[PDB]
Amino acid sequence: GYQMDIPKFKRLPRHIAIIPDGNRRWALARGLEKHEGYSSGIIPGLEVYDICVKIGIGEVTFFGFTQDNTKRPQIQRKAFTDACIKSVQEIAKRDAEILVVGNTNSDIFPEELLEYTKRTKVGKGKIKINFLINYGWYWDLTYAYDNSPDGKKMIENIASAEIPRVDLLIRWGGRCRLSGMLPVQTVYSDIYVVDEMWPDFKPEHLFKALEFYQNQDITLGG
């Protein structure tokens, strides 16, 4: 991308989850229409990707859109779907192992992303980039209750089973909440909230989240 001065970290998370929230508030604050913020969320994702590749983060999961989000106005649904498609396509121009997880048994799921619903190497690969597209926490848990008979097997067979435990979850837009992102993988996740809206992303947001992470005692109830 371009040259940065990235701090040195004593400890790095294996898996970062990103909640790129605040697109509508960002747009309204700039006197744009609510749905116009999503198109300004793509370059921030690429800056996150570039930083994570440079420091050697193993896996990053981006919250794209939920089944609940598809209750919003058509004009917003078209805007955030278009922006999610573009984000996956942009990572597909770089070096990544791409996975899209979400309900593909829905008219809402974009045909453009079906090819990424199995993990796909692009360029030199290495870093795992996941996207949650038409994802729902209820759909994810209930996927298991149907397609797993046993109980101990249920957990291993949730819809998002390819996505491992989230070490660090970073949420833009100043809300401290999961919005149903990966309930199983996020039970022990250390959560960092950035007050600025996602389109106002700065590398310093990610650096401060990583400083937060390396400062945590990760005890897992022990």
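Between two forms, the rigid core is defined as the largest C-alpha subset superposing within 1.5 Å. One rule holds for the numbers: they count along the sequence shown, beginning at 1.
TODO: Would you say which of 128-136 and 114-122 moves more relative to the shown form in 4 other deposited structures of this protein, going by RMS C-alpha distance with the core superposed?
DONE: When 128-136 and 114-122 are compared in 4 other deposited structures of this protein, the bigger C-alpha shift is seen for 114-122.
Task: Unmodelled in at least a third of other entries of this protein, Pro149 - done: It is, since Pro149 is left out of at least a third of the other entries that model both flanking stretches.
- [ ] Determine, for stretches 137-145 and 85-93, which one has the higher mean CA B-factor as deposited.
- [x] Per the deposited B-factors, the answer is 137-145.
TODO: Would you tell me which stretch averages the higher CA B-factor in the PDB entry, 159-167 or 63-71?
DONE: Comparing 159-167 with 63-71, the higher average CA B-factor belongs to 63-71.
TODO: Report the third (lowest, middle or highest) to which the CA temperature factor of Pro44 belongs, ranking only the modelled residues of the same chain.
DONE: Its C-alpha B-factor belongs to the lowest third of this chain's values.
- [ ] Would you check the entry's CA temperature factor for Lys208 and let me know if it's in the chain's lowest, middle or highest third?
- [x] Answer is middle: the recorded C-alpha B-factor places it there.
Task: Ranked against its chain, the third holding the CA B-factor of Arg11 - done: It falls in the top third of the chain.
TODO: State the tercile, meaning the lowest, middle or highest third, of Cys52 with respect to the CA B-factors recorded for its chain.
DONE: It belongs to the middle third of the chain when residues are ordered by C-alpha B-factor.
- [ ] Using the B-factors in the PDB entry, rank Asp190's C-alpha atom against the chain and give the third, lowest, middle or highest.
- [x] Its C-alpha B-factor belongs to the lowest third of this chain's values.
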